[PDB]
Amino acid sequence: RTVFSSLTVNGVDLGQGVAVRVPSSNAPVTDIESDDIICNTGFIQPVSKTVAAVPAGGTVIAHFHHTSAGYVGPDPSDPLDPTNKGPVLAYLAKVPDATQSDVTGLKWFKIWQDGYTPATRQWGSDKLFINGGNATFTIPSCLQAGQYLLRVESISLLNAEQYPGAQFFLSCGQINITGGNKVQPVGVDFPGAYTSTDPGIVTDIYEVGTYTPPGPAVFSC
């Protein structure tokens, strides 16, 4: 169990809950056909009306912690219990307004992931743990400026030998990409991008040799 609940943009911490729709619970989403797979559900109200300005090319940190409160001191399961092996992923979708309530029917492109590295037997989740819940990635330099949602996700595959089983821990940040260029990548639907036959979603982690995280290939300029 883990929750993405704060952002840092080019080394500046925005504050707990700022520009993120923070779920009230650290309970996972498990239904990949639910609209809950888009940006989670049950947000702490009132939801932030901050939209973080981020230059295209800028470095973002999405902060995960064990609970929706963020950092509350030492905890052996903060940011997650590292027995929960799996990937970490980040997607963007262009939106008319990053504070709009309706997140359905958006087109999501993947900008970062960290899956499994066979030679070191290390998962993205292990690195997230080592990094104190910091999922650090760059916003592609060539993107069209404007408002976007930033969907960042930690998947636990501990119970993923069947479907349902995989546990999806995700939130959406609210950003305004500045500068940039004119690229508007092709995206995928949520729900829809993840299916019950995807071997990134149904897998035995005690039988992993190679692993491919679910969803489309990472977009890069």
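Heads up: residue numbers just count along the shown sequence, starting at 1.
- Averaged over CA atoms, B-factors in the entry run higher in 187-195 than in the other of 187-195 and 59-67.
- Mean CA B-factor, 14-22 versus 198-206: the higher value falls on 198-206.
- Note on the listed residues 90, 72, 143, 106: the highest Cα temperature factor in the record is that of 143.
- Across 85, 127, 121, 151, the greatest Cα temperature factor reported in the deposited entry is at 121.
- In the deposited entry, the Cα temperature factor of residue 161 sits in the top third of values across the chain's modelled residues.
- Looking at the C-alpha B-factors along this chain, the one for residue 178 belongs to the highest third.
- Residue 76 sits in the highest third of its chain by CA B factor, as recorded in the PDB entry.
- Ranked within its chain, residue 133 lands in the lowest third, by CA B factor from the PDB record.
- Annotation for residue 113: C-alpha temperature factor in the lowest third relative to the rest of the modelled chain, per the entry.
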